[PDB]
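What follows is calculated from the coordinates using simple rules that are stated; it is not laboratory data. Using ideal geometry, Cβ is built from the backbone for each residue, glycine included, and neighbour counts are taken over all protein chains shown.
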């Protein structure tokens, strides 16, 4: 009933494995070299749990480990256990584990345990009691009484916090492996394996495709493979190249590119908006590497956009400087800066209303995120005066970013006009020509020193001061 | 035993391939934070948590 046939998926069929694959073959070792495991006196860990983002193919990993183990594979949806009737789900789990024990050696797979592994006492209904009964039955058949030493359960969940800590107890689910999102090499190999079934070329570089589509799951890479088949018959070329992959990634991350009727002043407004964003971004460290610049409207965004790929390590861990946010707020305010400096103060538009609120929200998050210097951080107080003063610093921070944006955009009028003209004539711009225009008409951008130079100057000042103290002690004493 | 204890208290939570080029600006910040903690702990001696 719950037994599947034709499980031929192996570890070669799945990419983006990494060191987790080692644990996977450890499971295979648990199914092959277990004689010396129990000879040394090791009870085989029954509970292995894969946790990660959806679409990474956890069930594909289950098929791979089942095929490499060479045992019977059971793949049961957890949604069938919950039902309006009680007792039948417990009997379903009983029959499942009984036929797993009879088919020993075997591995059993249950996906999305969050449906039935919810902590008891969170919902008041008969479905909650049925879920409790099924959880109790699976708990007993896992660890309750003796009789299982050969059947091993593999599970795939998304949210590990929802699970009952009774299930997380060792001997029931003790091995917890996280499947992360694929990095750079992982996306490369997933694209390779999903593209092995189609005729590819020898000049096909996956490095640019992987760097273009950053922070995406393996299902999204399979989708990129799926949009590598449908769109070349419009022109009718010979063999697939990397340009089609780049355009497919561009279509997927934003939407399909649609063209509508448009006047000249509307194009000019979108162009000066995008010029404001890119020109204020290039002079800042965290948003310096602008790679794309287009004003073409897309799905959901009638505006253009500026593409930057900053370092994605400090952002996740939280090591972004205070100046790194005062720069971003200036970037969000700079569309309004260009609008005010070009159309005057009395003719402000409403196209920058989406960035002008991001700037104020970022300032508000900064002032009560402990990053300020009013007393020392201190995002909370007691009396109403300091609570009122909490929101004063955000508005002064917006004001100083606002004047900074005015100064930055006023320094760069010639390159502003040039990039606006190019954006109107070509409707798109890449990194090379935009940076060439920047070098042709740019102003001076004196870079503030990084932390290394500050540490070096502080260290040399400290050494010279301490040796000054040493001589003022020595020659006064000697 | 040390690795079993390290796994069993759940120190790791990312669960990814631990191969990341850490910038000098981060090693410096961590070293300075740890050194400041060491200096304050040695100057203000805690009678129970050295």
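I'd like the mean, over residues of A:452-462, of how many other protein chain beta carbons sit within 10 Å of each residue's own Cβ.
Across the residues of A:452-462, the mean count of other-chain Cβ atoms within 10 Å is 1.
Roughly how many whole Å is it from the C-alpha centroid of the range A:126-148 to that of the range A:313-334?
Between the Cα centres of the range A:126-148 and the range A:313-334 lies a distance of 50 Å.
Per residue of B:12-24, count partner chain C-beta atoms within 10 Å of its C-beta, then hand back the mean as an integer.
If you average over the peptide's residues, the count of other-chain Cβ atoms is 5.
Measure of size requested: the Rg and Dmax of the range A:117-200, with Cα atoms as the atom set and Å as the unit; please supply both.
Using the Cα atoms of the range A:117-200, the pair Rg, Dmax is 18.9, 56 Å.
Please state the Cα pair-distance histogram of chain B with 10 angstrom bins from zero: what percent is in each bin?
Here the calculated profile for chain B is 19, 25, 40, 16.
Could you check the simple spin-label distance between residue A:265 and residue A:302, using points 7 Å along Cα→Cβ, in nm with one decimal?
About 1.5 nm separates the two model spin labels.
How much FRET efficiency would the formula 1/(1 + (r/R0)^6) give for residue A:373 and residue A:461, where r is the Cβ-Cβ distance and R0 is 25 Å, rounded to 0.05? Mind showing how you got there, number by number?
On the way: r = 23 Å, r/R0 = 0.91.
Given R0 = 25 Å and the Cβ-Cβ separation, E is 0.65.
Using only Cα atoms, find the angle between the long axis of helix A:322-343 and the longest principal axis of chain A, and express it within 0 to 90 degrees, rounded to the nearest 10.
Roughly 50 degrees between the two axes.
Report, largest value first, the span of the C-alpha coordinates of the range A:307-364 along each principal axis, in whole Å.
43, 25, 17
What order, most packed first, do the peptides A:310-318, A:135-143 have when packing is the mean number of other Cβ atoms within 10 Å of each residue?
Listed from highest to lowest mean packing, they are A:135-143, A:310-318.
How many Å³ per residue does the convex hull of the Cα positions in chain A occupy?
It is 315 Å³ per residue.
Using only atoms on other chains, find how many Cβ atoms lie within 10 Å of each Cβ of peptide A:175-187 and report the average.
The mean count of partner-chain Cβ atoms within 10 Å per residue comes to 2.
Considering just Cα atoms, how many Å³ per residue does the convex hull of the range A:329-443 enclose?
136 Å³
Compute the distance in nm between two label points, each set 7 Å from the Cα along the Cα-to-Cβ direction, one at residue A:395 and one at residue A:407.
2.3 nm
Once you place label points 7 Å from the Cα toward the Cβ at residue A:104 and residue A:321, how far apart are they in nm?
Placing both labels 7 Å along Cα→Cβ, they lie 6.3 nm apart.
Just the number: Rg to Rh for the range A:75-153, Cα atoms, Kirkwood Rh, two decimals.
0.97
Could you please state, rounded to a whole Å, how far the C-alpha centre of the range A:344-365 is from the C-alpha centre of the range A:1-61?
After rounding, the separation between the Cα centres reads 52 Å.
For the protein assembly as shown, what does the helix formula give at 222 nm: sum of -39500 (n - 2.57) over DSSP H segments with n ≥ 4, over the residue count, nearest 500 deg cm²/dmol?
Computed ellipticity for the protein assembly as shown at 222 nm equals -16000 deg cm²/dmol.
What is the P(r) of the range A:352-417, as percent of Cα-Cα pairs per 10 Å bin from 0?
19, 41, 25, 11, 3, 0
Calculate the length of the line joining the C-alpha centroid of the range A:193-265 to that of the range A:424-439, in whole Å.
The range A:193-265 and the range A:424-439 have Cα centres separated by 23 Å.
Could you rank the peptides A:329-341, A:368-380 by their average count of other C-beta atoms within 10 Å per residue, with the highest value first?
Final packing ranking: A:329-341, A:368-380.
Please quote Rg/Rh for the range A:254-408 to two decimal places, taking the Kirkwood radius as Rh and restricting both calculations to Cα atoms.
Value, to two decimals: 1.02.
Please arrange B:48, A:441, B:32 by how many other C-beta atoms lie within 10 Å of their C-beta, fewest to most.
B:48, B:32, A:441
Please compute, over every Cα-Cα pair in the range A:1-159, the percentage with a separation greater than 20 angstrom.
Numbers: 6552 of 12561 pairs.
I get 52 percent for the Cα pairs in the range A:1-159 exceeding 20 Å.
Among B:17-29, A:269-281, A:38-50, how do they line up by average Cβ neighbours within 10 Å per residue, starting with the highest?
Per-residue mean Cβ counts within 10 Å order the peptides as A:269-281, A:38-50, B:17-29.
How much length, in nm to one decimal, is gained on full extension between residue A:257 and residue A:136, taken as 0.36 nm per residue of separation minus their Cα-Cα distance?
Using 0.36 nm per residue and subtracting the Cα-Cα distance, I get 38.2 nm.
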